[PDB]
>>> print(open('final-v5.cif').read())   # mmCIF, C-alpha atoms
data_work
loop_
_atom_site.label_atom_id
_atom_site.label_comp_id
_atom_site.auth_asym_id
_atom_site.auth_seq_id
_atom_site.Cartn_x
_atom_site.Cartn_y
_atom_site.Cartn_z
CA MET C 1 -9.29 19.37 7.79
CA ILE C 2 -7.18 17.17 5.46
CA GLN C 3 -9.14 13.99 6.16
CA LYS C 4 -9.91 11.07 3.79
CA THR C 5 -12.43 8.29 4.66
CA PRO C 6 -11.20 4.69 5.07
CA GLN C 7 -12.50 1.85 2.90
CA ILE C 8 -13.11 -1.40 4.74
CA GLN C 9 -13.12 -5.01 3.60
CA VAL C 10 -13.63 -7.70 6.24
CA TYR C 11 -12.76 -11.11 4.87
CA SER C 12 -11.00 -14.30 5.97
CA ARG C 13 -7.61 -15.48 4.75
CA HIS C 14 -8.99 -18.89 3.70
CA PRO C 15 -12.52 -19.87 2.70
CA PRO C 16 -14.57 -20.49 5.92
CA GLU C 17 -15.61 -23.84 7.35
CA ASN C 18 -17.42 -23.70 10.70
CA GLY C 19 -15.18 -24.97 13.46
CA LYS C 20 -11.98 -24.68 11.46
CA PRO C 21 -9.72 -21.97 12.91
CA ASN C 22 -8.90 -19.30 10.35
CA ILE C 23 -7.84 -15.66 10.27
CA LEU C 24 -10.20 -12.75 9.87
CA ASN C 25 -8.80 -9.75 8.00
CA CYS C 26 -9.75 -6.07 8.00
CA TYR C 27 -8.12 -4.24 5.10
CA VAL C 28 -8.62 -0.55 5.84
CA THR C 29 -7.47 1.61 2.92
CA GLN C 30 -7.71 5.14 1.43
CA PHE C 31 -7.28 7.18 4.60
CA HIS C 32 -5.47 10.32 5.74
CA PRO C 33 -4.17 11.30 8.33
CA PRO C 34 -2.21 8.10 9.05
CA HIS C 35 -3.75 7.91 12.52
CA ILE C 36 -6.60 5.41 12.76
CA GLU C 37 -7.99 2.85 15.25
CA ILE C 38 -9.34 -0.48 14.01
CA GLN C 39 -11.38 -2.79 16.17
CA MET C 40 -12.23 -6.36 15.29
CA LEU C 41 -15.41 -7.51 17.06
CA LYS C 42 -17.23 -10.79 17.69
CA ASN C 43 -20.80 -10.83 18.99
CA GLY C 44 -20.28 -7.18 19.89
CA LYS C 45 -17.15 -7.75 21.89
CA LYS C 46 -13.79 -6.26 21.04
CA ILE C 47 -11.47 -9.15 20.16
CA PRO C 48 -8.47 -8.77 22.55
CA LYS C 49 -5.50 -9.61 20.34
CA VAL C 50 -5.82 -7.96 16.94
CA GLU C 51 -2.55 -7.79 15.02
CA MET C 52 -2.05 -4.86 12.69
CA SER C 53 0.38 -4.47 9.83
CA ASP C 54 2.86 -1.63 9.47
CA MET C 55 1.76 1.70 8.05
CA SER C 56 2.15 2.09 4.32
CA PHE C 57 0.87 4.54 1.71
CA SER C 58 0.26 4.42 -1.98
CA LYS C 59 0.78 6.67 -4.98
CA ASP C 60 -2.07 8.99 -4.03
CA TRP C 61 -0.53 9.62 -0.62
CA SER C 62 -3.33 7.74 1.11
CA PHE C 63 -2.54 5.06 3.70
CA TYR C 64 -3.64 1.45 4.12
CA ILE C 65 -3.32 -1.10 6.89
CA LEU C 66 -4.28 -4.74 7.36
CA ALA C 67 -5.72 -5.62 10.75
CA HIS C 68 -6.07 -9.37 11.31
CA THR C 69 -6.89 -11.89 14.08
CA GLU C 70 -7.46 -15.58 14.75
CA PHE C 71 -11.12 -16.51 14.44
CA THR C 72 -13.11 -19.70 14.19
CA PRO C 73 -16.19 -19.25 12.00
CA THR C 74 -19.47 -20.71 13.25
CA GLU C 75 -23.02 -20.05 12.09
CA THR C 76 -24.05 -18.27 15.29
CA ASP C 77 -21.15 -15.93 15.98
CA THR C 78 -20.84 -12.70 14.04
CA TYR C 79 -17.60 -10.79 13.45
CA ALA C 80 -17.00 -7.23 12.30
CA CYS C 81 -14.59 -4.31 12.03
CA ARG C 82 -15.11 -0.93 13.69
CA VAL C 83 -12.85 1.81 12.36
CA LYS C 84 -12.39 5.15 14.08
CA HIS C 85 -10.69 7.97 12.15
CA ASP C 86 -10.84 11.80 12.19
CA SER C 87 -12.27 12.01 8.67
CA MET C 88 -15.48 10.52 10.08
CA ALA C 89 -17.87 11.82 12.74
CA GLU C 90 -18.64 8.33 13.99
CA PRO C 91 -17.02 4.89 13.72
CA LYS C 92 -17.74 2.73 10.74
CA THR C 93 -18.42 -0.90 11.56
CA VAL C 94 -18.70 -3.43 8.76
CA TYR C 95 -19.63 -7.07 9.33
CA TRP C 96 -17.93 -10.19 8.02
CA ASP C 97 -20.01 -12.00 5.41
CA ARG C 98 -19.25 -15.66 4.74
CA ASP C 99 -20.31 -15.24 1.10
CA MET C 100 -18.13 -12.21 0.37
CA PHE A 1 20.49 3.19 -0.98
CA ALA A 2 18.35 5.81 0.74
CA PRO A 3 18.03 9.57 0.15
CA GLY A 4 20.64 11.95 1.66
CA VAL A 5 21.38 15.62 2.45
CA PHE A 6 19.11 18.38 0.93
CA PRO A 7 17.84 22.01 1.38
CA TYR A 8 14.77 22.48 3.61
CA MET A 9 11.24 23.33 2.53
CA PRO R 1 11.23 -2.25 -16.80
CA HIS R 2 12.37 -1.97 -13.18
CA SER R 3 12.19 0.65 -10.42
CA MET R 4 13.04 1.58 -6.85
CA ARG R 5 11.17 3.99 -4.56
CA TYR R 6 11.27 5.25 -1.00
CA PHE R 7 7.96 6.34 0.53
CA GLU R 8 8.79 8.43 3.60
CA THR R 9 6.51 9.98 6.19
CA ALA R 10 6.96 12.27 9.13
CA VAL R 11 3.84 12.75 11.22
CA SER R 12 3.72 15.51 13.82
CA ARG R 13 2.52 14.57 17.30
CA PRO R 14 0.05 16.55 19.46
CA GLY R 15 2.21 17.74 22.35
CA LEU R 16 5.97 18.26 22.52
CA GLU R 17 6.46 14.76 21.12
CA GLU R 18 9.03 14.76 18.30
CA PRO R 19 7.53 13.75 14.91
CA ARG R 20 7.44 10.09 13.94
CA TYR R 21 9.49 9.28 10.83
CA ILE R 22 9.07 6.13 8.77
CA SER R 23 10.78 5.13 5.52
CA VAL R 24 10.00 2.18 3.27
CA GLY R 25 12.08 1.06 0.29
CA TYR R 26 10.50 -0.63 -2.72
CA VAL R 27 12.20 -2.60 -5.50
CA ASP R 28 9.85 -3.55 -8.33
CA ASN R 29 6.97 -2.62 -6.06
CA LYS R 30 8.17 -4.99 -3.35
CA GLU R 31 9.04 -3.45 0.02
CA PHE R 32 12.69 -4.35 0.69
CA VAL R 33 13.84 -2.18 3.66
CA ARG R 34 12.17 -0.12 6.39
CA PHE R 35 13.10 2.45 9.06
CA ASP R 36 10.80 3.60 11.88
CA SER R 37 11.52 6.03 14.68
CA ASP R 38 9.00 4.33 16.98
CA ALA R 39 11.07 1.17 17.32
CA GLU R 40 13.18 0.58 20.44
CA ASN R 41 16.24 0.28 18.20
CA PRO R 42 15.54 2.53 15.17
CA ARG R 43 17.45 0.97 12.27
CA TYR R 44 16.85 0.18 8.57
CA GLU R 45 15.69 -3.45 8.64
CA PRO R 46 15.63 -6.11 5.87
CA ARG R 47 12.13 -6.52 4.53
CA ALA R 48 12.86 -9.09 1.83
CA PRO R 49 15.01 -12.27 2.22
CA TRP R 50 17.39 -11.34 -0.63
CA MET R 51 18.31 -8.31 1.48
CA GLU R 52 19.95 -10.22 4.34
CA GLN R 53 22.97 -10.55 2.07
CA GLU R 54 24.01 -7.03 3.08
CA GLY R 55 26.71 -6.48 5.68
CA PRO R 56 26.71 -4.08 8.66
CA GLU R 57 28.49 -1.34 6.71
CA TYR R 58 25.28 -1.11 4.67
CA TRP R 59 22.76 -1.18 7.53
CA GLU R 60 24.70 1.44 9.48
CA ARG R 61 25.10 3.67 6.45
CA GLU R 62 21.39 3.47 5.65
CA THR R 63 20.38 4.05 9.27
CA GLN R 64 22.62 7.10 9.38
CA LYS R 65 20.76 8.52 6.38
CA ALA R 66 17.38 7.81 7.93
CA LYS R 67 18.37 9.68 11.07
CA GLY R 68 19.48 12.67 9.03
CA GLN R 69 16.26 12.63 7.09
CA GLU R 70 14.43 12.34 10.41
CA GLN R 71 15.68 15.79 11.36
CA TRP R 72 15.18 17.06 7.78
CA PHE R 73 11.47 16.43 8.18
CA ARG R 74 11.39 17.90 11.72
CA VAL R 75 12.52 21.22 10.28
CA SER R 76 10.58 21.30 7.03
CA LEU R 77 7.51 20.15 8.93
CA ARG R 78 8.23 23.16 11.17
CA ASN R 79 8.58 25.46 8.16
CA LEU R 80 5.34 24.31 6.52
CA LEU R 81 3.55 25.32 9.73
CA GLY R 82 4.66 28.90 9.17
CA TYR R 83 3.94 28.75 5.44
CA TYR R 84 0.41 27.58 6.25
CA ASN R 85 -0.27 29.59 9.38
CA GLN R 86 -0.73 26.41 11.33
CA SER R 87 -0.72 26.26 15.09
CA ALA R 88 1.63 25.06 17.80
CA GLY R 89 0.60 21.43 17.96
CA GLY R 90 -1.91 19.44 15.97
CA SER R 91 -1.79 16.51 13.58
CA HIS R 92 0.39 17.31 10.57
CA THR R 93 1.69 14.88 7.97
CA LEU R 94 4.46 15.21 5.39
CA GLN R 95 5.43 12.44 2.98
CA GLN R 96 7.82 12.21 0.00
CA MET R 97 8.11 9.69 -2.85
CA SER R 98 11.45 9.37 -4.63
CA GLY R 99 13.02 6.71 -6.83
CA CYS R 100 13.82 5.89 -10.44
CA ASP R 101 12.55 3.76 -13.32
CA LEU R 102 14.78 1.73 -15.63
CA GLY R 103 13.56 1.07 -19.13
CA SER R 104 13.99 -2.19 -20.98
CA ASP R 105 17.52 -1.06 -21.83
CA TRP R 106 18.47 -0.79 -18.15
CA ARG R 107 19.20 2.91 -18.65
CA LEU R 108 17.35 5.58 -16.65
CA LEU R 109 13.80 6.12 -17.94
CA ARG R 110 12.55 8.61 -15.36
CA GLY R 111 13.55 9.91 -11.96
CA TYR R 112 11.03 11.01 -9.33
CA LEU R 113 10.94 13.34 -6.35
CA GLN R 114 7.72 14.72 -4.89
CA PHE R 115 6.24 15.93 -1.64
CA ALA R 116 2.75 16.27 -0.27
CA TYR R 117 1.65 18.13 2.82
CA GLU R 118 -1.52 16.82 4.45
CA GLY R 119 -2.14 14.26 1.74
CA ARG R 120 -2.32 16.97 -0.93
CA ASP R 121 0.39 17.57 -3.54
CA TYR R 122 2.96 20.18 -2.50
CA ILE R 123 5.97 20.23 -4.84
CA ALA R 124 7.26 17.82 -7.47
CA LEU R 125 10.45 17.63 -9.51
CA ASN R 126 9.65 17.53 -13.21
CA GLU R 127 10.95 14.78 -15.47
CA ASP R 128 13.81 17.02 -16.61
CA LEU R 129 15.29 16.78 -13.13
CA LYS R 130 15.81 20.57 -13.24
CA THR R 131 12.50 22.48 -12.88
CA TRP R 132 9.84 22.24 -10.17
CA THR R 133 6.06 22.17 -10.08
CA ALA R 134 4.65 23.91 -7.00
CA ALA R 135 1.05 22.98 -6.20
CA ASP R 136 -0.13 26.20 -4.58
CA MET R 137 0.89 29.60 -3.36
CA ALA R 138 2.44 28.00 -0.28
CA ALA R 139 4.72 25.72 -2.34
CA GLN R 140 5.90 28.84 -4.13
CA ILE R 141 8.09 29.85 -1.20
CA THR R 142 9.78 26.42 -1.16
CA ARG R 143 10.25 26.27 -4.94
CA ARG R 144 11.82 29.74 -5.03
CA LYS R 145 14.00 28.60 -2.13
CA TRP R 146 14.87 25.45 -4.06
CA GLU R 147 15.56 27.45 -7.20
CA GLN R 148 17.89 29.72 -5.23
CA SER R 149 19.83 26.88 -3.58
CA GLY R 150 19.98 24.77 -6.77
CA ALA R 151 18.45 21.84 -4.90
CA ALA R 152 17.20 20.23 -8.09
CA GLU R 153 20.70 19.56 -9.36
CA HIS R 154 21.60 17.64 -6.21
CA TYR R 155 18.58 15.38 -6.60
CA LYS R 156 19.40 14.84 -10.27
CA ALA R 157 22.70 13.27 -9.13
CA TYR R 158 21.16 10.80 -6.67
CA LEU R 159 18.51 9.91 -9.24
CA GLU R 160 20.73 9.38 -12.28
CA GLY R 161 23.65 7.79 -10.45
CA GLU R 162 23.13 6.36 -6.98
CA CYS R 163 19.50 5.33 -7.43
CA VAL R 164 20.28 3.72 -10.77
CA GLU R 165 23.41 2.12 -9.36
CA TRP R 166 21.72 0.61 -6.38
CA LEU R 167 18.64 -0.57 -8.24
CA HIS R 168 20.87 -2.53 -10.62
CA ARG R 169 22.35 -4.23 -7.56
CA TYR R 170 19.20 -5.17 -5.63
CA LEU R 171 17.82 -6.42 -8.92
CA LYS R 172 20.77 -8.78 -9.09
CA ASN R 173 20.43 -9.85 -5.47
CA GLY R 174 16.70 -10.51 -5.79
CA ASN R 175 16.62 -12.37 -9.13
CA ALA R 176 14.20 -15.26 -8.98
CA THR R 177 12.66 -14.09 -5.73
CA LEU R 178 11.28 -10.81 -7.13
CA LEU R 179 10.18 -12.60 -10.29
CA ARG R 180 8.38 -15.42 -8.47
CA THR R 181 4.67 -15.83 -9.16
CA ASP R 182 2.04 -17.79 -7.24
CA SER R 183 -0.89 -18.98 -9.31
CA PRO R 184 -4.47 -18.33 -8.22
CA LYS R 185 -6.55 -21.23 -6.94
CA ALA R 186 -9.94 -20.39 -8.35
CA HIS R 187 -13.42 -21.71 -7.65
CA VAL R 188 -17.01 -20.56 -8.05
CA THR R 189 -19.63 -20.24 -5.28
CA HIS R 190 -23.42 -20.13 -5.47
CA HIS R 191 -25.70 -17.82 -3.50
CA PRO R 192 -29.44 -17.76 -2.70
CA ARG R 193 -32.01 -16.47 -5.11
CA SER R 194 -34.04 -13.30 -5.27
CA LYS R 195 -37.20 -14.50 -7.07
CA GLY R 196 -35.87 -15.09 -10.58
CA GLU R 197 -32.11 -14.54 -10.03
CA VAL R 198 -29.18 -16.23 -8.22
CA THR R 199 -25.67 -14.88 -7.57
CA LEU R 200 -22.61 -16.56 -9.08
CA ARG R 201 -19.34 -15.55 -7.42
CA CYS R 202 -15.98 -16.45 -8.94
CA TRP R 203 -13.17 -16.70 -6.43
CA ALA R 204 -9.46 -16.38 -7.12
CA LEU R 205 -7.34 -17.04 -4.03
CA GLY R 206 -3.67 -17.40 -3.17
CA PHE R 207 -2.00 -15.43 -5.95
CA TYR R 208 1.12 -13.30 -6.25
CA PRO R 209 1.70 -10.67 -7.60
CA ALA R 210 -1.47 -8.65 -7.05
CA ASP R 211 -2.27 -8.12 -10.73
CA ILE R 212 -5.12 -10.39 -11.77
CA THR R 213 -8.00 -10.19 -14.23
CA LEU R 214 -11.38 -11.84 -13.58
CA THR R 215 -14.23 -11.97 -16.11
CA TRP R 216 -17.79 -13.25 -16.20
CA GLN R 217 -19.27 -14.14 -19.56
CA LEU R 218 -22.56 -15.41 -20.94
CA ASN R 219 -22.60 -17.73 -23.96
CA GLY R 220 -19.19 -16.31 -24.94
CA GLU R 221 -20.20 -12.63 -24.92
CA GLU R 222 -18.59 -11.00 -21.91
CA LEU R 223 -21.18 -9.41 -19.67
CA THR R 224 -19.66 -6.35 -18.01
CA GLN R 225 -23.03 -4.82 -17.17
CA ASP R 226 -23.81 -5.18 -13.48
CA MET R 227 -20.71 -7.15 -12.56
CA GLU R 228 -19.62 -6.86 -8.93
CA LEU R 229 -15.88 -6.91 -8.29
CA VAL R 230 -13.86 -6.38 -5.13
CA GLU R 231 -10.65 -4.34 -5.01
CA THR R 232 -7.85 -6.95 -4.85
CA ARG R 233 -7.06 -7.60 -1.19
CA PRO R 234 -4.17 -9.28 0.62
CA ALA R 235 -4.88 -12.60 2.32
CA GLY R 236 -2.30 -11.56 4.87
CA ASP R 237 0.04 -14.41 3.99
CA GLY R 238 1.71 -12.60 1.10
CA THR R 239 -0.85 -13.67 -1.45
CA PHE R 240 -3.88 -11.75 -2.74
CA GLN R 241 -7.54 -12.57 -3.27
CA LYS R 242 -10.43 -11.19 -5.27
CA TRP R 243 -13.81 -12.09 -6.70
CA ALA R 244 -16.17 -11.39 -9.57
CA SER R 245 -19.91 -11.78 -9.11
CA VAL R 246 -22.97 -11.73 -11.34
CA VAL R 247 -26.64 -12.01 -10.27
CA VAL R 248 -27.59 -14.61 -12.85
CA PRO R 249 -31.13 -15.52 -13.99
CA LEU R 250 -31.61 -18.98 -12.43
CA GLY R 251 -31.86 -22.14 -14.51
CA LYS R 252 -29.37 -20.55 -16.89
CA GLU R 253 -26.48 -21.13 -14.43
CA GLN R 254 -24.21 -23.24 -16.62
CA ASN R 255 -24.48 -20.52 -19.29
CA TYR R 256 -21.84 -18.47 -17.48
CA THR R 257 -18.09 -18.93 -17.64
CA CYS R 258 -15.38 -17.27 -15.59
CA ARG R 259 -11.82 -16.82 -16.76
CA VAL R 260 -8.85 -15.89 -14.60
CA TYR R 261 -5.74 -14.42 -16.12
CA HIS R 262 -2.59 -14.21 -14.03
CA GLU R 263 1.10 -14.12 -14.96
CA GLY R 264 1.63 -17.22 -12.84
CA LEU R 265 -0.90 -19.21 -14.89
CA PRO R 266 0.38 -21.36 -17.81
CA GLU R 267 -3.11 -20.99 -19.34
CA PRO R 268 -5.99 -18.80 -18.10
CA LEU R 269 -8.49 -20.69 -15.95
CA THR R 270 -12.10 -21.11 -17.02
CA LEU R 271 -14.74 -22.10 -14.50
CA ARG R 272 -18.49 -22.59 -14.25
CA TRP R 273 -21.10 -23.76 -11.77
#
>>> encode(input="final-v5.cif", output="C-alpha cells")
Amino acid sequence: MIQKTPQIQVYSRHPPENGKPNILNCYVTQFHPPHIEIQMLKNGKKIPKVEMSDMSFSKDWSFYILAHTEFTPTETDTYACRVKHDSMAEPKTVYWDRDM
Amino acid sequence: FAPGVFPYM
Amino acid sequence: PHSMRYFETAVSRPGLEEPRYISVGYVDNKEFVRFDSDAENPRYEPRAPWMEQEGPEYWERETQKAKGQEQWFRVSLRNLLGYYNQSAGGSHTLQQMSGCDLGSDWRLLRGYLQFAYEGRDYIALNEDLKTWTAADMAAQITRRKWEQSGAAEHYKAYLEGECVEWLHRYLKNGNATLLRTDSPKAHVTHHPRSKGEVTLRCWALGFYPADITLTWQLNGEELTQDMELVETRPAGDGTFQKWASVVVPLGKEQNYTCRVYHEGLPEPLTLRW
C-alpha cells in the first residue's frame, strides 16, 4: 500500500559523440519501498552488465539509486531504462535522448 | 560515531 | 554551519529471511561511512578518503553498534506489525534519521531523531530534546512507551555530547576535502525548430557540490515563464549536471543569455548561442 512512484532520468555522463564510448546513466528517484528493478536497454535488449549504486534515501524518506552502464552512442542504436516497482502496475521505460 | 542502545518502539 | 546524520533502514523480507539493515553516515551532507547486513563481511566501511585515518578500534566499535541496532530494528519492526495489524511476512520498511547541526559558533544548534514506518512519518523528537511528536494513533503506543522509559533523555545525551563531539572531529579530519568545489563547465546547445521557435538549452556539467543556479534571460529581463529545468543529477563520477532550456523565437537567438552561479566559480558564467 505504501508505494511511491519512481522518477527517471536517462542521460550520459559526458556529452555524446557517436562512436566515442561513454556511460549511460539512469537516475531513479522518489520511490518507496526500497525494492526496485532497473533495466537498461539497447535496441530492445537488456544490457547485460548494468552497475547500480548503493541504496540511499533523502529527507522525505524516499529512496534513489543510480543505475549506469558502458555505452557507445551511435545514430541508429536506441537506449532506454525500464523500471519495475510495486507502486506501479506496469514497468516504466524511458528512452535516452541525445539532446536532453 | 553511530547511534547506540535505546528502548524499542 | 555544519552537521552529521545517520540515515538507517531495516527492510523486512518476504519469508523467514531476517530484515536487511543499512546505515549511512553523513558529514556536511557527504556520506562518510556505511554499514550493510547484505555484505559478506558486514562492517562499517570508510566512504570518504579522510576517513581512512581511523584505526581498527574505531571500525570495530562502530560495527558493534551497527549490529546492536540491527537487532533493535528486528524487534521494533516486529512490534510495528502488531501496532498496525500487519501480517506474518510482507514488505515492511523502517528508517530513522538522527544527527545534529552546529551553528556558526560551533555550538549545538539543533539535534534530530525521527522515525518513519512505510515511508510515512511515525515519531519525531522535538527540538527541545524532551517531548515527542507521534504521527498517528499507532505512534501513540510508542510515544507513551518512550515517555514511560524516559527514552528522550538518553537521546538528548548522544545528541548534545557524542554527536557534537564526533562531528567536531570529522570536520577536522576532512578539512579541505569537504570544502572542495568543482566548477561547472557550461555550454549551450541548439535544437530544431517548430515553425517559428527553436530550443536553446544551457548545459552545466562537471560540478561539485550539487547546488547550482541556472538562468535564461532575454535582453536582460529574466524570462522564467516556460523555462524547462531538470532536477540536478549526478554524472556518476562524483560531479553533477543540469540544464535550463527555453523554446526561443528563431532569429532572435543571440538575444538570450544564460548565467551559471556556483560556489566553485570565481565569477558567474554567462553564455549565449
>>> atom_distance(input="final-v5.cif", atom1="atom CA of residue R:24", atom2="atom CA of residue R:36")
8.8 Å
>>> residues_around(input="final-v5.cif", residues="residue C:39", least_positions_apart="2", cutoff="7 Å", atoms="all atoms listed in the file", output="list in words")
residues 37, 41, 46, 81, 82 and 83 of chain C
>>> closest_residue(input="final-v5.cif", among="R:235, R:135, R:4, R:129", to="residue A:3", atoms="all atoms listed in the file")
R:4
>>> resolve_selection(input="final-v5.cif", expression="the PyMOL selection byres ((chain R and resi 153) around 12)", output="list in words")
residues 6 and 7 of chain A; 113, 125, 126, 128, 129, 130, 131, 132, 146, 147, 148, 149, 150, 151, 152, 154, 155, 156, 157, 158, 159 and 160 of chain R
>>> closest_residue(input="final-v5.cif", among="R:20, R:168, R:195, R:201", to="chain A", atoms="only C-alpha atoms")
R:168
>>> atom_distance(input="final-v5.cif", atom1="atom CA of residue R:216", atom2="atom CA of residue R:196")
19.0 Å
>>> residues_around(input="final-v5.cif", residues="residue C:88", least_positions_apart="3", cutoff="10 Å", atoms="all atoms listed in the file", output="list in words")
residues 3, 4, 5, 6, 83, 84, 85, 91 and 92 of chain C
>>> closest_residue(input="final-v5.cif", among="R:65, R:107, R:78, R:92", to="residue A:5", atoms="only C-alpha atoms")
R:65
>>> interface_residues(input="final-v5.cif", of="chain C", to="chain R", cutoff="9 Å", atoms="only C-alpha atoms", output="ChimeraX atom specification")
/C:1-4,9,11-15,23,25,27,32-35,55-62,66,68,99-100
>>> closest_atom_pairs(input="final-v5.cif", of="chain A", to="chain R", cutoff="6 Å", atoms="only C-alpha atoms", output="tab-separated table")
residue	atom	partner	partner_atom	distance
A:4	CA	R:65	CA	5.8
A:8	CA	R:76	CA	5.5
A:9	CA	R:76	CA	5.0
>>> residues_around(input="final-v5.cif", residues="residue R:260", least_positions_apart="2", cutoff="7 Å", atoms="all atoms listed in the file", output="ChimeraX atom specification")
/R:213-215,258,262,268-270
>>> atom_distance(input="final-v5.cif", atom1="atom CA of residue R:210", atom2="atom CA of residue R:111")
24.4 Å
>>> resolve_selection(input="final-v5.cif", expression="the PyMOL selection byres ((chain R and resi 222-226) around 12)", output="PDB file with C-alpha atoms, in the frame of the given file")
ATOM      1  CA  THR R 199     -25.670 -14.880  -7.570  1.00  0.00           C
ATOM      2  CA  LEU R 214     -11.380 -11.840 -13.580  1.00  0.00           C
ATOM      3  CA  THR R 215     -14.230 -11.970 -16.110  1.00  0.00           C
ATOM      4  CA  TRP R 216     -17.790 -13.250 -16.200  1.00  0.00           C
ATOM      5  CA  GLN R 217     -19.270 -14.140 -19.560  1.00  0.00           C
ATOM      6  CA  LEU R 218     -22.560 -15.410 -20.940  1.00  0.00           C
ATOM      7  CA  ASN R 219     -22.600 -17.730 -23.960  1.00  0.00           C
ATOM      8  CA  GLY R 220     -19.190 -16.310 -24.940  1.00  0.00           C
ATOM      9  CA  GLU R 221     -20.200 -12.630 -24.920  1.00  0.00           C
ATOM     10  CA  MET R 227     -20.710  -7.150 -12.560  1.00  0.00           C
ATOM     11  CA  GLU R 228     -19.620  -6.860  -8.930  1.00  0.00           C
ATOM     12  CA  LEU R 229     -15.880  -6.910  -8.290  1.00  0.00           C
ATOM     13  CA  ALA R 244     -16.170 -11.390  -9.570  1.00  0.00           C
ATOM     14  CA  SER R 245     -19.910 -11.780  -9.110  1.00  0.00           C
ATOM     15  CA  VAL R 246     -22.970 -11.730 -11.340  1.00  0.00           C
ATOM     16  CA  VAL R 247     -26.640 -12.010 -10.270  1.00  0.00           C
ATOM     17  CA  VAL R 248     -27.590 -14.610 -12.850  1.00  0.00           C
ATOM     18  CA  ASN R 255     -24.480 -20.520 -19.290  1.00  0.00           C
ATOM     19  CA  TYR R 256     -21.840 -18.470 -17.480  1.00  0.00           C
ATOM     20  CA  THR R 257     -18.090 -18.930 -17.640  1.00  0.00           C
ATOM     21  CA  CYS R 258     -15.380 -17.270 -15.590  1.00  0.00           C
ATOM     22  CA  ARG R 259     -11.820 -16.820 -16.760  1.00  0.00           C
TER      23      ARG R 259
END
>>> resolve_selection(input="final-v5.cif", expression="the PyMOL selection byres ((chain C and resi 71-77) around 7)", output="list in words")
residues 16, 17, 18, 19, 20, 21, 22, 23, 24, 42, 43, 69, 70, 78 and 79 of chain C
